[PDB]
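Presented below is the structure to which this report refers.
Just so it is clear, the values below take in all heavy atoms, side chains as well, and ignore hydrogens, waters and symmetry mates. A, B, ... follow the sequence lines: proteins, then strands. Residue 1 opens every chain.
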Amino acid sequence: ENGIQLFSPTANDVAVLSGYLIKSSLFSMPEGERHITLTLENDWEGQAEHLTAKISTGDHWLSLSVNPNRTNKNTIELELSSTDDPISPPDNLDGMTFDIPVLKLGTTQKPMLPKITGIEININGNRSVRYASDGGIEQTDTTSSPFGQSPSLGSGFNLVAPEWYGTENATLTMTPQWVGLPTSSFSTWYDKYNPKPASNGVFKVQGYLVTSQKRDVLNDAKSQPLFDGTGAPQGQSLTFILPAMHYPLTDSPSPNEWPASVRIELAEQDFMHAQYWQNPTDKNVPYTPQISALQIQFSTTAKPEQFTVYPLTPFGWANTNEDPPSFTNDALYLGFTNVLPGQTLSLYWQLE
Amino acid sequence: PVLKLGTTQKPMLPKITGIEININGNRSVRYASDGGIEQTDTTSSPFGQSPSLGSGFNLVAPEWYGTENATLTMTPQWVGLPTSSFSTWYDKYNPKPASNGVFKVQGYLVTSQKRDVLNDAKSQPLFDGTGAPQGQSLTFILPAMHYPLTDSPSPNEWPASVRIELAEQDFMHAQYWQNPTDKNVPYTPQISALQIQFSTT
C-alpha cells in the first residue's frame, strides 16, 4: 500500500540463474536409484557446488544431488534416490506445461555452462519390472523358480518395463540371487550323469525380443553362462542389448500381453531332470534353479532427436539455437492480460 | 507423540539427556517365508517343508524404520523336537551332525538395490544343549534404516526388510531322499509362535 522504491532490495531477491532447460521423453524414471549424465560440447571448469539442478515432477521441483567429484571435466552427473518422488511431466509447474518431464540446470556468478549435447541414462531396481515365467506371474522381489520345477531346453521367463519402451540400442543387466546351490562343482554333483557336465558354465541362456508377429534373437545369438567358477557355482550377471523398441505402453501385469517383451531361455544343456527320472539310482537330486530375488539394471543413451535444449532467461527460456539477450542495463517489466494487438494502452503513473 | 513428565513440591528433575526404547510383542510384525505370508501367532514352517542352504523368511515392522544401531530379538517356540540329540537322531547320516548347534542362521538387510550382511557376517545356532535340542533366542543389530512407511502385508514389498537364512548345514532332507532306509524321518522345523522383542537408543 505504500508503494515500492524502484530497483530497491526486497525480501524475495532471487539471484538470476543462467543455464539450460532440457526437454526429453527419457526422463520418466518411475522409481529406484536414478542416474543422469549430461555431456557438454566444451570442457567446462567450474565449481560443482555452484550448480543447481532440479527435475519436474508434476507440480514439484525435486532437487538432484550433483556429483562432487566432477571428473573428466566434461560431464555432469546427477543422482536420485529410491526415496524420491517419481518423476512426472510438469503440469502448471511455475507456468510451464509439457507432455514429458524437463530438467532445469544452471548456475550463477561463474563461467557459463556449454550447451548440453548428450544424455545418458542409468537405473537400478526391479520394483517396476513385469516378470513372469511359463508357470505364471511371480514377483521379482520374492522367491521364485525362473525355469520351473522341471526345466528343459527352451524353457524360461519373460520381462518387460515401461522405461525400455521408446529407447534404442539400450543395455539391460540382470543379477539373480541363487539359493540352494551345491557346495561343490556341478561336475562333482552330477558325477554319475552321462555325459558328465565338467567346466561349470555349460548352462547357457539366450535372449529374445518377442512380438505378436515374430521372435528376434538378441546379442547376436550368443549365449551367456548362468554360473562360473571351478569350485562351487557362482552366480553372474547377464547382459543384453535391445533394438529400437517403439511400442505403445500398456498396463497388463503379464509381460506376454505387451506388444514387445524380453524372453530368456535355456540354450545348451538341461539340469538333467530327464536323466534322473530315467535311472533314479546312485545319483543326487538334480538342481532346480530357485531365485530369492532378481536385481535389474538398465542403461541407455539419448539420440539427438530425443531431447531439446533451451537457453535460460531471467523469467523464461528462449527458443532453440537462439542466444539469450545479454544483461547490460536494469530492466522493468509490465504485463497486460485482456488486451488485443492494435489497441491503445493508457496508463497513469503516481511517482515522486 | 509427546511425553509430559513433571512433579511438584520437591526438588526439580534434571534435563532429560537420553531416551531408550524397548518393546516386546509380535502382534505388529510382518512375517513371511518363501512359501508365503504366515501369522507369527499361528503355526508355521519358517524354512519350508524341504529346507536347503539359503532358505529362510523375511520380517519388517514400522517401529524399526527411522531407527539406527537398534537391537532385534527373536524367540521361536519349537514343536515336535526329538527327545534325544540330533546326533543321536541323525545317527546314520553321513556326515553325522554331532554337537547340536551346527544349524546356523544369517541375517540380511534386503533392499531393491542390494543385500547387506548383519551382525558382521557371524552365524548363530538355532539350538543348544547336549541332550535334546533346546530353542534359543536370536539377536541382530540393524544399521540406519531411514525408509518411508508402507502398508503392504508382505515384508518383501517394503523398501527394506530383515531376512534370516540357513547358513552352514541342512537338516539332511536330500540325504534322506537319496537313501531312504535305516534312517529316521528328517526333522522339519515347525513353529507354533515367534516372540519378538525390539530395543533402540
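The local environment of CD1 in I19(B) is sparse, with at most 12 non-hydrogen atoms from other residues, nucleotides or ligands closer than 6.0 Å. No more than 12 heavy-atom neighbours from other residues, nucleotides or ligands sit within 6.0 angstrom of CD1 on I21(B).
Listed by first and then second residue, the salt bridge (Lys or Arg N to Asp or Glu O under 4.0 Å) pairs involving residues 130-148 of chain B amount to none (not counting sequence neighbours). Counting only residues at least two apart or in different chains, salt bridge (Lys or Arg N to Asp or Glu O under 4.0 Å) contacts with residues 172-183 of chain A are absent.
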Write out all chain A-chain B donor-acceptor pairs shorter than 3.5 Å, or none if the list is empty.
residue: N124(A); atom: O; partner: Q113(B); partner atom: NE2; Å: 3.1
residue: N124(A); atom: OD1; partner: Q113(B); partner atom: NE2; Å: 3.4
residue: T143(A); atom: OG1; partner: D34(B); partner atom: OD1; Å: 3.0
residue: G180(A); atom: N; partner: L53(B); partner atom: O; Å: 2.9
residue: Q295(A); atom: NE2; partner: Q113(B); partner atom: O; Å: 2.8

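For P153(B), the side chain to side chain contact (heavy atoms under 4.5 Å, CB included) test picks out no residue, with sequence neighbours left out.
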